[PDB]
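This report concerns only the one structure given below.
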Amino acid sequence: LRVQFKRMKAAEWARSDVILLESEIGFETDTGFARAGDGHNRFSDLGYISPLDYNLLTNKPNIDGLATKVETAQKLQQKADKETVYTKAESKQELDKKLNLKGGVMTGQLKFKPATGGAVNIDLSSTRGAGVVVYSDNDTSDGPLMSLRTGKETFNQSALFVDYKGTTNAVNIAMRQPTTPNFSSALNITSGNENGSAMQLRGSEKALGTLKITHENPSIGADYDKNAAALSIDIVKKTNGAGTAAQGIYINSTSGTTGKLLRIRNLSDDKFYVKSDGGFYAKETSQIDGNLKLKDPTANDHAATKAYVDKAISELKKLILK
Amino acid sequence: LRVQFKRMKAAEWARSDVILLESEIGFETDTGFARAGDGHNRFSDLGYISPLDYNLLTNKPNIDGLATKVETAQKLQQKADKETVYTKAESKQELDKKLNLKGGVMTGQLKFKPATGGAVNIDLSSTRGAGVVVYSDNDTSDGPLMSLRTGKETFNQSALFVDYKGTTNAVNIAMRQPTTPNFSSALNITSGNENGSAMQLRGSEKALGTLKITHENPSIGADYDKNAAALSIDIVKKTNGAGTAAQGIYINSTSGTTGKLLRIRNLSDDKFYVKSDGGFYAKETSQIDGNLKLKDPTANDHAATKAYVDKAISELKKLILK
Amino acid sequence: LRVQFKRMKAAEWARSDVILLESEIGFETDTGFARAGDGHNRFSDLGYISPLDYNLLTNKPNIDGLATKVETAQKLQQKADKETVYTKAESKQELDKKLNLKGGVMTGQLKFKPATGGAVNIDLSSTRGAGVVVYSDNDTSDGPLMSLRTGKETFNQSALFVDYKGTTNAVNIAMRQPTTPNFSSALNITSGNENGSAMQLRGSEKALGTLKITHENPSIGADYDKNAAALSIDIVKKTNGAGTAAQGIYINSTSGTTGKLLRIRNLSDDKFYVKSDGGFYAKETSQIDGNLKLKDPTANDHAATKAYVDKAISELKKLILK
Ligand code: NA
Ligand code: NA
Ligand code: NA
Ligand code: NA
Ligand code: NA
Ligand code: NA
């Protein structure tokens with residue numbers, strides 16, 4: 001036997017009314033596939049003669065090891081997008097533009113506009129360095145090293161307040177000798193306030209002056225500084241004013257002193273002084289371009305008055321002539 | 001021939017002892033599947049009549065193109081989690097709160113507590129702007145523009161040290177004329193140290209005063225300032241003290257000067273002076289409410305003493321009366 | 001009928017010349033698989049008797065739900081790599097090292113080297129706190145609280161400029177009383193410039209002194225301060241110099257004053273003064289260790305000259321003797 005089976009093309013079968021017997025095979029001539037009858041169904045309703053169920057295959061791929069689109073998308077949701085985060089390089093670029101608390105170099109202006117005190121507060125209690133150090137070795141400039149300004153007439157605090165305990169000078173100003181001399185001063189002060197002293201000084205020295213001024217000859221030449229003075233006072237009118245009545249020096253002691261009010265010495269020898277009572281001493285021959293009004297003499301070394309002379313002359317006259 | 005095959009349900013086959021001949025087909029009536037005998041195996045041990053091996057399929061999916069869960073997880077491991085990284089927007093928010101080295105506006109206190117010197121160091125050698133600029137146009141305040149304070153009696157440095165070379169004033173203080181006059185000063189200094197001068201000044205002028213004081217009439221009225229002075233000195237006791245012996249002005253020259261020790265002028269004309277030797281000159285008639293003790297006259301314009309008069313009178317008496 | 005089919009091993013078939021009739025089945029004895037003839041093809045060119053097309057399977061896996069390697073890689077490309085981005089913890093570590101505009105504590109030096117003015121600009125117009133507060137409660141130190149230095153002789157601005165409107169002192173320096181007295185001053189000023197006054201002061205007081213100096217006894221003892229003065233002046237030569245000709249005090253009024261040029265009081269009583277014309281008054285008995293050159297007396301209380309005496313004596317002599 002070489003058995004052949006009922007057979008036609010797959011399309012021909014699908015329209016055929018031929019009913020295969022139970023187990024009887026029919027063959028699709030253009031596909032090479034067989035189906036077996038159940039004794040009632042037409043051929044298009046028969047199944048193939050061997051399984052076509054993925055579950056039944058051998059050598060299946062490892063499907064359960066493969067990622068799903070859903071699970072992948074869920075995980076990617078937790079990850080940061082490149083676009084919306086800075087790289088370390090970018091972060092470093094940004095951070096390098098900002099000041100370290102450790103210290104740094106500012107290249108632009110630091111402004112304070114406020115929202116122990118101070119906008120700037122420097123506590124040196126634990127260190128041996130300076131607080132604020134400003135310097136310029138520039139030839140010239142358009143601004144001072146430091147400027148303090150108040151703008152309202154009511155302003156009720158100082159521009160600069162120095163509260164000092166210590167063993168050296170609270171404030172020291174040194175104007176160094178220039179290569180060539182110029183018109184400048186170490187300290188210049190002006191006030192246009194008529195109801196307060198431009199400068200006030202108070203001290204409580206045991207054996208020194210409250211203000212001590214020394215003039216030192218800038219030259220070795222004995223009379224180079226013949227026009228200099230330790231203290232120089234000028235008393236002037238207002239521009240376009242009619243004059244002035246201001247005094248030069250005024251000395252008082254509101255509680256009463258027993259000291260000399262003015263004492264002038266040279267080589268530490270008293271040369272001229274005004275005692276606490278107003279009497280004076282002068283060490284050498286002196287001159288008044290005028291008269292001197294004084295009391296009649298009582299001691300031999302007292303200056304005689306005109307009245308004393310005239311009386312002596314009159315008495316002698318009366319005595320001689322009888 | 002319509003051939004039919006040995007056949008029963010799949011479950012019936014699996015328990016059957018029927019041995020199919022080699023190539024003989026048996027059919028599962030409930031599944032439609034066939035298996036062919038090997039001449040010895042029972043039906044449950046026979047394979048189906050067509051392959052069920054995934055490898056042999058046509059139109060296979062592209063498995064090798066699909067991502068594995070393992071490879072995906074390995075790659076995701078290298079990616080940054082959203083939760084643990086700042087967005088650019090967040091980074092910007094944080095950076096904007098920090099000071100740029102370029103410059104910026106502080107709104108709170110900058111404190112220095114330290115771990116060429118200075119906690120703050122400003123070098124203006126290459127620029128033409130100011131160093132530290134403090135100002136207030138506030139009506140009033142509870143603090144000074146600038147405050148320097150030292151707290152220990154041993155402190156061995158100054159609060160403020162000015163070391164100045166230049167062509168203008170090292171320190172300039174201007175107290176501007178107020179709308180209406182008040183009791184304030186441009187500079188006020190107090191010291192309670194008994195062993196040092198409250199203020200010390202030293203200069204080496206060729207032809208100027210070490211201290212120069214000018215009083216200017218605040219008015220055009222010729223005697224408006226009749227009660228003013230360029231220098232005013234007061235000499236007072238301690239509160240609850242018994243008195244004072246302090247001197248007013250003390251002048252000396254420890255090395256010896258040939259200059260006038262006090263020289264008083266008006267309109268640049270000498271009116272009264274004390275020479276380096278202590279002799280004085282006064283330009284006009286003067287008054288002592290007391291006697292004047294001096295030497296016997298030798299020149300015609302010398303004041304005569306009582307002794308000189310008395311002797312002249314005595315000699316004349318002796319001469320007349322024989 | 002138990003039908004058996006032409007059959008041999010799969011390898012034997014692949015070399016066989018046997019041509020199966022159309023639909024005739026041949027069996028591979030070692031594989032259990034059948035193929036059916038087309039009436040012309042050799043067995044290796046026949047297809048199996050049931051489909052082997054993946055598309056036709058039932059129970060297929062959800063391939064379209066599985067992620068591809070390509071799509072996964074494309075998505076991962078948009079995600080940030082851990083290595084190249086800082087964590088929040090790292091960002092915080094870096095930010096905490098930088099200064100907040102709100103305020104902060106510097107622990108290192110803040111330098112300004114510059115690329116209303118000031119490297120540091122403080123505007124207190126809207127607040128009641130201080131600007132710059134420097135202090136030290138250290139026992140000692142190697143630097144001042146504040147230092148201002150200029151290095152070139154041409155420098156044309158001040159180290160410190162105070163421009164002040166207000167109701168209190170522009171600058172106040174208080175040297176507090178030390179536990180034990182020492183050699184220090186509240187303000188020390190030196191200048192080596194020969195062409196400018198070390199210090200210049202100008203004021204326009206109505207009824208006060210431009211400079212006011214008070215000395216206060218540091219003790220309750222009436223003569224404790226017997227060696228003190230409100231003002232002390234010294235006039236010295238240069239080291240290795242030949243001497244000095246500098247004056248002590250120089251007073252002038254370049255426009256002409258009608259005030260007393262020097263007025264010395266005690267307990268607010270005039271004791272000695274030099275009038276605007278140079279005549280003086282002294283309240284008590286005085287002494288010159290020398291002669292006094294003056295004018296011939298015209299009033300009874302004028303000091304007599306030697307010439308006046310000698311003339312009176314001569315006239316009396318001529319009168320008596322005829
Ligand atoms: Na005395
Ligand atoms: Na002496
Ligand atoms: Na001289
Ligand atoms: Na003149
Ligand atoms: Na007058
Ligand atoms: Na009085």
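Letters A, B, ... go to the chains of the structure tokens in the order shown; residues in each chain start at 1; ligands are counted from 1 in the same order.
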
Show me which residues are within 9 Å of ligand 3 counting only C-alpha atoms and all ligand atoms, and format the list as a list in words.
residues 226 of chain A; 257, 258, 259, 260, 275, 276 and 277 of chain B; 245 of chain C

>> Can you pull out every residue with an atom within 7 Å of ligand 4? Use only C-alpha atoms and all ligand atoms and format it as JSON, numbers by chain.
In response: {"B": [267, 268, 269]}

Dump C-alpha atoms for the selected residues as a PDB file, in the first residue's frame?
```pdb
ATOM      1  CA  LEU B 267      47.210 143.000  62.089  1.00  0.00           C
ATOM      2  CA  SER B 268      50.634 141.392  61.900  1.00  0.00           C
ATOM      3  CA  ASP B 269      52.151 144.060  64.175  1.00  0.00           C
TER       4      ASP B 269
END
```

Of A:247, A:31, A:300, A:182, the one nearest to ligand 5 when counting only C-alpha atoms and all ligand atoms is A:247

| By how many Å are atom CA of residue 154 of chain A and atom CA of residue 173 of chain B apart? |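 Between atom CA of residue 154 of chain A and atom CA of residue 173 of chain B the gap is 18.2 Å.
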
Original post:
Using only C-alpha atoms and all ligand atoms, which protein or nucleic acid residues are at most 12 Å from ligand 2, as a PyMOL selection string?
Top reply: (chain A and resi 264-271) or (chain B and resi 252-254+256)

Just want the 9 Å neighbourhood of segment 155-164 of chain A, counted on only C-alpha atoms, with same-chain residues fewer than 3 positions away dropped. Output as a PDB file with N, CA and C atoms, in the first residue's frame.
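Written output follows (part.pdb):
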```
ATOM      1  N   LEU A 148      33.568 108.262  56.046  1.00  0.00           N
ATOM      2  CA  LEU A 148      32.443 108.145  56.976  1.00  0.00           C
ATOM      3  C   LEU A 148      31.616 109.421  56.793  1.00  0.00           C
ATOM      4  N   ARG A 149      30.340 109.267  56.477  1.00  0.00           N
ATOM      5  CA  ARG A 149      29.510 110.440  56.194  1.00  0.00           C
ATOM      6  C   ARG A 149      28.103 110.333  56.799  1.00  0.00           C
ATOM      7  N   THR A 150      27.656 111.411  57.435  1.00  0.00           N
ATOM      8  CA  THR A 150      26.275 111.448  57.955  1.00  0.00           C
ATOM      9  C   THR A 150      25.587 112.631  57.296  1.00  0.00           C
ATOM     10  N   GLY A 151      24.294 112.494  57.023  1.00  0.00           N
ATOM     11  CA  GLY A 151      23.648 113.483  56.151  1.00  0.00           C
ATOM     12  C   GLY A 151      22.555 114.310  56.769  1.00  0.00           C
ATOM     13  N   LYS A 152      22.051 113.886  57.921  1.00  0.00           N
ATOM     14  CA  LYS A 152      20.945 114.619  58.594  1.00  0.00           C
ATOM     15  C   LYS A 152      21.409 115.377  59.838  1.00  0.00           C
ATOM     16  N   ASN A 169      49.026 104.074  72.254  1.00  0.00           N
ATOM     17  CA  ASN A 169      48.153 105.186  71.924  1.00  0.00           C
ATOM     18  C   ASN A 169      46.913 104.642  71.303  1.00  0.00           C
ATOM     19  N   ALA A 170      45.743 105.161  71.712  1.00  0.00           N
ATOM     20  CA  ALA A 170      44.486 104.670  71.158  1.00  0.00           C
ATOM     21  C   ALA A 170      44.418 104.879  69.659  1.00  0.00           C
ATOM     22  N   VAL A 171      44.817 106.068  69.240  1.00  0.00           N
ATOM     23  CA  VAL A 171      44.879 106.447  67.815  1.00  0.00           C
ATOM     24  C   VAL A 171      46.229 107.087  67.566  1.00  0.00           C
TER      25      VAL A 171
ATOM     26  N   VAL B 134      31.299 104.195  54.522  1.00  0.00           N
ATOM     27  CA  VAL B 134      30.131 104.042  55.395  1.00  0.00           C
ATOM     28  C   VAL B 134      29.377 105.368  55.434  1.00  0.00           C
ATOM     29  N   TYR B 135      28.064 105.282  55.308  1.00  0.00           N
ATOM     30  CA  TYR B 135      27.225 106.490  55.351  1.00  0.00           C
ATOM     31  C   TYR B 135      25.860 106.242  55.878  1.00  0.00           C
ATOM     32  N   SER B 136      25.265 107.313  56.366  1.00  0.00           N
ATOM     33  CA  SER B 136      23.905 107.209  56.853  1.00  0.00           C
ATOM     34  C   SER B 136      23.212 108.503  56.583  1.00  0.00           C
ATOM     35  N   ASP B 137      22.098 108.405  55.865  1.00  0.00           N
ATOM     36  CA  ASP B 137      21.152 109.512  55.796  1.00  0.00           C
ATOM     37  C   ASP B 137      19.930 109.211  56.662  1.00  0.00           C
ATOM     38  N   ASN B 138      20.112 108.402  57.705  1.00  0.00           N
ATOM     39  CA  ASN B 138      19.022 108.202  58.638  1.00  0.00           C
ATOM     40  C   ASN B 138      18.879 109.413  59.575  1.00  0.00           C
ATOM     41  N   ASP B 139      17.651 109.702  60.041  1.00  0.00           N
ATOM     42  CA  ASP B 139      17.453 110.815  60.967  1.00  0.00           C
ATOM     43  C   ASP B 139      18.210 110.619  62.275  1.00  0.00           C
ATOM     44  N   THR B 140      18.143 109.396  62.767  1.00  0.00           N
ATOM     45  CA  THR B 140      18.784 109.046  64.015  1.00  0.00           C
ATOM     46  C   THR B 140      19.209 107.592  63.977  1.00  0.00           C
ATOM     47  N   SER B 141      19.905 107.153  65.015  1.00  0.00           N
ATOM     48  CA  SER B 141      20.396 105.791  65.041  1.00  0.00           C
ATOM     49  C   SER B 141      20.746 105.405  66.468  1.00  0.00           C
ATOM     50  N   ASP B 142      20.991 104.132  66.696  1.00  0.00           N
ATOM     51  CA  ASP B 142      21.387 103.661  68.012  1.00  0.00           C
ATOM     52  C   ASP B 142      22.847 103.315  68.069  1.00  0.00           C
ATOM     53  N   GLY B 143      23.547 103.467  66.937  1.00  0.00           N
ATOM     54  CA  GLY B 143      24.967 103.097  66.912  1.00  0.00           C
ATOM     55  C   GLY B 143      25.781 104.019  66.018  1.00  0.00           C
ATOM     56  N   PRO B 144      27.092 104.117  66.287  1.00  0.00           N
ATOM     57  CA  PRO B 144      27.948 104.945  65.430  1.00  0.00           C
ATOM     58  C   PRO B 144      28.161 104.313  64.055  1.00  0.00           C
ATOM     59  N   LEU B 145      28.611 105.092  63.074  1.00  0.00           N
ATOM     60  CA  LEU B 145      28.999 104.481  61.799  1.00  0.00           C
ATOM     61  C   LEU B 145      30.101 103.432  61.998  1.00  0.00           C
ATOM     62  N   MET B 146      31.007 103.699  62.928  1.00  0.00           N
ATOM     63  CA  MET B 146      32.178 102.826  63.058  1.00  0.00           C
ATOM     64  C   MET B 146      32.595 102.884  64.497  1.00  0.00           C
ATOM     65  N   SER B 147      32.938 101.710  65.021  1.00  0.00           N
ATOM     66  CA  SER B 147      33.271 101.586  66.444  1.00  0.00           C
ATOM     67  C   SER B 147      34.493 100.685  66.605  1.00  0.00           C
ATOM     68  N   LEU B 148      35.474 101.145  67.394  1.00  0.00           N
ATOM     69  CA  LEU B 148      36.714 100.409  67.653  1.00  0.00           C
ATOM     70  C   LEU B 148      36.843 100.334  69.177  1.00  0.00           C
ATOM     71  N   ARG B 149      36.951  99.127  69.710  1.00  0.00           N
ATOM     72  CA  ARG B 149      36.983  98.970  71.165  1.00  0.00           C
ATOM     73  C   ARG B 149      38.006  97.923  71.627  1.00  0.00           C
ATOM     74  N   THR B 150      38.783  98.273  72.647  1.00  0.00           N
ATOM     75  CA  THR B 150      39.720  97.298  73.237  1.00  0.00           C
ATOM     76  C   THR B 150      39.352  97.164  74.705  1.00  0.00           C
ATOM     77  N   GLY B 151      39.507  95.962  75.252  1.00  0.00           N
ATOM     78  CA  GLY B 151      38.917  95.707  76.572  1.00  0.00           C
ATOM     79  C   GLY B 151      39.878  95.396  77.687  1.00  0.00           C
ATOM     80  N   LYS B 152      41.118  95.071  77.345  1.00  0.00           N
ATOM     81  CA  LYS B 152      42.131  94.716  78.375  1.00  0.00           C
ATOM     82  C   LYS B 152      43.181  95.810  78.573  1.00  0.00           C
ATOM     83  N   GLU B 153      43.557  96.059  79.830  1.00  0.00           N
ATOM     84  CA  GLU B 153      44.524  97.116  80.181  1.00  0.00           C
ATOM     85  C   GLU B 153      45.935  96.865  79.653  1.00  0.00           C
ATOM     86  N   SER B 158      47.323  99.886  68.817  1.00  0.00           N
ATOM     87  CA  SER B 158      46.364 100.983  68.743  1.00  0.00           C
ATOM     88  C   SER B 158      45.024 100.466  68.221  1.00  0.00           C
ATOM     89  N   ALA B 159      43.944 101.220  68.498  1.00  0.00           N
ATOM     90  CA  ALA B 159      42.703 100.942  67.831  1.00  0.00           C
ATOM     91  C   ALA B 159      42.812 101.355  66.371  1.00  0.00           C
ATOM     92  N   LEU B 160      43.422 102.500  66.108  1.00  0.00           N
ATOM     93  CA  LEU B 160      43.512 102.974  64.703  1.00  0.00           C
ATOM     94  C   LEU B 160      44.901 103.534  64.489  1.00  0.00           C
TER      95      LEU B 160
ATOM     96  N   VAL C 162      36.074 112.298  57.228  1.00  0.00           N
ATOM     97  CA  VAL C 162      34.825 112.232  58.019  1.00  0.00           C
ATOM     98  C   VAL C 162      34.065 113.461  57.574  1.00  0.00           C
ATOM     99  N   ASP C 163      32.863 113.265  57.039  1.00  0.00           N
ATOM    100  CA  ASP C 163      32.044 114.382  56.580  1.00  0.00           C
ATOM    101  C   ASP C 163      30.744 114.343  57.431  1.00  0.00           C
ATOM    102  N   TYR C 164      30.597 115.222  58.409  1.00  0.00           N
ATOM    103  CA  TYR C 164      29.632 114.916  59.471  1.00  0.00           C
ATOM    104  C   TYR C 164      28.582 116.004  59.652  1.00  0.00           C
ATOM    105  N   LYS C 165      27.315 115.598  59.594  1.00  0.00           N
ATOM    106  CA  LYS C 165      26.202 116.416  60.106  1.00  0.00           C
ATOM    107  C   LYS C 165      25.551 115.651  61.225  1.00  0.00           C
ATOM    108  N   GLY C 166      25.164 116.366  62.277  1.00  0.00           N
ATOM    109  CA  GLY C 166      24.565 115.721  63.452  1.00  0.00           C
ATOM    110  C   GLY C 166      24.572 116.563  64.719  1.00  0.00           C
ATOM    111  N   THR C 167      24.122 115.951  65.809  1.00  0.00           N
ATOM    112  CA  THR C 167      23.924 116.608  67.060  1.00  0.00           C
ATOM    113  C   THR C 167      24.937 116.112  68.091  1.00  0.00           C
ATOM    114  N   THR C 168      25.818 115.186  67.726  1.00  0.00           N
ATOM    115  CA  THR C 168      26.851 114.756  68.694  1.00  0.00           C
ATOM    116  C   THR C 168      28.272 114.898  68.096  1.00  0.00           C
ATOM    117  N   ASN C 169      29.295 114.317  68.731  1.00  0.00           N
ATOM    118  CA  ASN C 169      30.643 114.575  68.259  1.00  0.00           C
ATOM    119  C   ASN C 169      30.891 113.729  67.059  1.00  0.00           C
ATOM    120  N   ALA C 170      31.500 114.312  66.013  1.00  0.00           N
ATOM    121  CA  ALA C 170      31.765 113.550  64.797  1.00  0.00           C
ATOM    122  C   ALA C 170      32.670 112.365  65.069  1.00  0.00           C
ATOM    123  N   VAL C 171      33.714 112.621  65.838  1.00  0.00           N
ATOM    124  CA  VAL C 171      34.681 111.591  66.263  1.00  0.00           C
ATOM    125  C   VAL C 171      34.888 111.741  67.756  1.00  0.00           C
ATOM    126  N   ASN C 172      34.756 110.624  68.475  1.00  0.00           N
ATOM    127  CA  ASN C 172      34.890 110.600  69.936  1.00  0.00           C
ATOM    128  C   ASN C 172      35.947 109.556  70.262  1.00  0.00           C
ATOM    129  N   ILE C 173      36.984 109.921  71.019  1.00  0.00           N
ATOM    130  CA  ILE C 173      38.000 108.955  71.426  1.00  0.00           C
ATOM    131  C   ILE C 173      38.002 108.988  72.937  1.00  0.00           C
ATOM    132  N   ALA C 174      37.753 107.848  73.558  1.00  0.00           N
ATOM    133  CA  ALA C 174      37.784 107.781  75.020  1.00  0.00           C
ATOM    134  C   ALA C 174      38.880 106.804  75.433  1.00  0.00           C
ATOM    135  N   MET C 175      39.886 107.301  76.150  1.00  0.00           N
ATOM    136  CA  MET C 175      40.876 106.412  76.746  1.00  0.00           C
ATOM    137  C   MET C 175      40.417 106.237  78.172  1.00  0.00           C
ATOM    138  N   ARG C 176      39.912 105.044  78.471  1.00  0.00           N
ATOM    139  CA  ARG C 176      39.325 104.736  79.779  1.00  0.00           C
ATOM    140  C   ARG C 176      40.400 104.723  80.854  1.00  0.00           C
ATOM    141  N   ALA C 186      45.393 109.195  74.276  1.00  0.00           N
ATOM    142  CA  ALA C 186      44.247 108.879  73.450  1.00  0.00           C
ATOM    143  C   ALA C 186      44.564 109.170  71.965  1.00  0.00           C
TER     144      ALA C 186
END
```

- Message: Calculated over only C-alpha atoms, which of the candidates B:64, B:216, B:71, B:45 has the smallest distance to chain C?
- Response: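 Looking only at the distances to chain C, the closest residue turns out to be B:216.
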
Report the residues of segment 20-196 of chain C whose backbone DSSP state falls under alpha helix (DSSP H), written as a PyMOL selection string. chain C and resi 69-77+88-95

Point to revise | DSSP strand (DSSP E or B) residues within segment 2-248 of chain C, as a PyMOL selection string | key: chain C and resi 6-8+25-28+34-36+48+53+58+66+68+79+81+98+100+104-106+110-112+120-123+132-136+146-150+160-164+171-175+187-191+199-203+209-216+229-236+244+247-248

Please save C-alpha atoms of the selected residues as a PDB file, in the first residue's frame.
```pdb
ATOM      1  CA  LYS C   6       7.592   4.223   3.792  1.00  0.00           C
ATOM      2  CA  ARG C   7      10.155   5.058   6.491  1.00  0.00           C
ATOM      3  CA  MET C   8      13.879   5.395   7.354  1.00  0.00           C
ATOM      4  CA  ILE C  25       3.181  10.058   3.946  1.00  0.00           C
ATOM      5  CA  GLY C  26       6.830   9.118   4.707  1.00  0.00           C
ATOM      6  CA  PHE C  27       8.102   8.783   8.222  1.00  0.00           C
ATOM      7  CA  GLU C  28      11.449   9.623   9.889  1.00  0.00           C
ATOM      8  CA  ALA C  34       6.165  12.772   8.943  1.00  0.00           C
ATOM      9  CA  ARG C  35       6.153  14.649   5.646  1.00  0.00           C
ATOM     10  CA  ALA C  36       3.738  14.214   2.792  1.00  0.00           C
ATOM     11  CA  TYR C  48       6.355  18.756   7.678  1.00  0.00           C
ATOM     12  CA  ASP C  53       5.099  29.150  11.617  1.00  0.00           C
ATOM     13  CA  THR C  58      -1.771  29.909  20.149  1.00  0.00           C
ATOM     14  CA  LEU C  66       8.714  43.660  25.886  1.00  0.00           C
ATOM     15  CA  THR C  68      13.856  46.467  22.893  1.00  0.00           C
ATOM     16  CA  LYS C  79      19.248  60.085  32.003  1.00  0.00           C
ATOM     17  CA  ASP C  81      24.952  59.285  35.050  1.00  0.00           C
ATOM     18  CA  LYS C  98      30.042  79.460  50.971  1.00  0.00           C
ATOM     19  CA  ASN C 100      25.076  83.508  52.567  1.00  0.00           C
ATOM     20  CA  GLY C 104      27.573  84.430  58.112  1.00  0.00           C
ATOM     21  CA  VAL C 105      30.813  83.935  59.987  1.00  0.00           C
ATOM     22  CA  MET C 106      34.068  84.251  58.074  1.00  0.00           C
ATOM     23  CA  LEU C 110      38.469  88.503  53.106  1.00  0.00           C
ATOM     24  CA  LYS C 111      40.681  90.263  50.503  1.00  0.00           C
ATOM     25  CA  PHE C 112      39.595  92.985  48.100  1.00  0.00           C
ATOM     26  CA  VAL C 120      33.079  97.911  50.902  1.00  0.00           C
ATOM     27  CA  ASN C 121      29.945 100.122  50.900  1.00  0.00           C
ATOM     28  CA  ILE C 122      27.688 100.320  53.934  1.00  0.00           C
ATOM     29  CA  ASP C 123      24.429 102.261  53.803  1.00  0.00           C
ATOM     30  CA  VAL C 132      31.718  98.545  61.192  1.00  0.00           C
ATOM     31  CA  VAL C 133      32.345  97.186  64.651  1.00  0.00           C
ATOM     32  CA  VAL C 134      35.847  96.009  65.518  1.00  0.00           C
ATOM     33  CA  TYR C 135      36.811  94.864  69.010  1.00  0.00           C
ATOM     34  CA  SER C 136      39.322  92.907  70.923  1.00  0.00           C
ATOM     35  CA  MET C 146      42.404  99.087  62.065  1.00  0.00           C
ATOM     36  CA  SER C 147      45.221 100.242  59.845  1.00  0.00           C
ATOM     37  CA  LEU C 148      45.222 102.782  56.973  1.00  0.00           C
ATOM     38  CA  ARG C 149      48.419 103.196  54.949  1.00  0.00           C
ATOM     39  CA  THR C 150      49.450 105.132  51.825  1.00  0.00           C
ATOM     40  CA  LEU C 160      40.313 108.880  56.505  1.00  0.00           C
ATOM     41  CA  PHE C 161      37.705 111.479  55.588  1.00  0.00           C
ATOM     42  CA  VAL C 162      34.825 112.232  58.019  1.00  0.00           C
ATOM     43  CA  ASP C 163      32.044 114.382  56.580  1.00  0.00           C
ATOM     44  CA  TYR C 164      29.632 114.916  59.471  1.00  0.00           C
ATOM     45  CA  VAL C 171      34.681 111.591  66.263  1.00  0.00           C
ATOM     46  CA  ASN C 172      34.890 110.600  69.936  1.00  0.00           C
ATOM     47  CA  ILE C 173      38.000 108.955  71.426  1.00  0.00           C
ATOM     48  CA  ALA C 174      37.784 107.781  75.020  1.00  0.00           C
ATOM     49  CA  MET C 175      40.876 106.412  76.746  1.00  0.00           C
ATOM     50  CA  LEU C 187      45.713 110.531  70.324  1.00  0.00           C
ATOM     51  CA  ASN C 188      49.306 110.697  69.138  1.00  0.00           C
ATOM     52  CA  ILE C 189      50.298 112.562  65.976  1.00  0.00           C
ATOM     53  CA  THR C 190      53.670 112.979  64.371  1.00  0.00           C
ATOM     54  CA  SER C 191      54.643 114.700  61.135  1.00  0.00           C
ATOM     55  CA  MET C 199      47.687 119.683  62.742  1.00  0.00           C
ATOM     56  CA  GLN C 200      45.288 122.327  61.619  1.00  0.00           C
ATOM     57  CA  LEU C 201      42.014 123.309  63.304  1.00  0.00           C
ATOM     58  CA  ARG C 202      39.463 125.871  62.241  1.00  0.00           C
ATOM     59  CA  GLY C 203      36.137 126.709  63.911  1.00  0.00           C
ATOM     60  CA  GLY C 209      36.982 128.306  72.063  1.00  0.00           C
ATOM     61  CA  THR C 210      37.855 126.645  68.781  1.00  0.00           C
ATOM     62  CA  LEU C 211      39.937 124.261  70.888  1.00  0.00           C
ATOM     63  CA  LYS C 212      38.746 123.743  74.461  1.00  0.00           C
ATOM     64  CA  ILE C 213      41.163 121.920  76.831  1.00  0.00           C
ATOM     65  CA  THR C 214      40.186 120.928  80.360  1.00  0.00           C
ATOM     66  CA  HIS C 215      42.642 119.467  82.880  1.00  0.00           C
ATOM     67  CA  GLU C 216      40.875 117.657  85.747  1.00  0.00           C
ATOM     68  CA  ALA C 229      49.250 121.593  82.916  1.00  0.00           C
ATOM     69  CA  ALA C 230      46.398 121.881  80.437  1.00  0.00           C
ATOM     70  CA  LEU C 231      48.947 122.674  77.681  1.00  0.00           C
ATOM     71  CA  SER C 232      52.653 121.856  77.649  1.00  0.00           C
ATOM     72  CA  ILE C 233      54.956 122.977  74.822  1.00  0.00           C
ATOM     73  CA  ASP C 234      58.532 121.921  74.151  1.00  0.00           C
ATOM     74  CA  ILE C 235      60.800 123.432  71.495  1.00  0.00           C
ATOM     75  CA  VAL C 236      63.760 121.130  70.583  1.00  0.00           C
ATOM     76  CA  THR C 244      66.680 125.861  67.257  1.00  0.00           C
ATOM     77  CA  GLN C 247      58.960 130.262  68.777  1.00  0.00           C
ATOM     78  CA  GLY C 248      56.730 128.901  71.528  1.00  0.00           C
TER      79      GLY C 248
END
```

Using only C-alpha atoms and all ligand atoms, find each residue in chain B having at least one atom no more than 12 Å away from ligand 5; report its shortest atom-to-atom pair and that distance in Å (one decimal), rows by chain then rising number, as JSON lines.
```
{"residue": "B:222", "atom": "CA", "partner": "ligand 5", "partner_atom_place_in_ligand_line": "1 (Na)", "distance": 11.1}
{"residue": "B:223", "atom": "CA", "partner": "ligand 5", "partner_atom_place_in_ligand_line": "1 (Na)", "distance": 9.2}
{"residue": "B:225", "atom": "CA", "partner": "ligand 5", "partner_atom_place_in_ligand_line": "1 (Na)", "distance": 11.4}
{"residue": "B:226", "atom": "CA", "partner": "ligand 5", "partner_atom_place_in_ligand_line": "1 (Na)", "distance": 8.2}
{"residue": "B:227", "atom": "CA", "partner": "ligand 5", "partner_atom_place_in_ligand_line": "1 (Na)", "distance": 10.7}
```
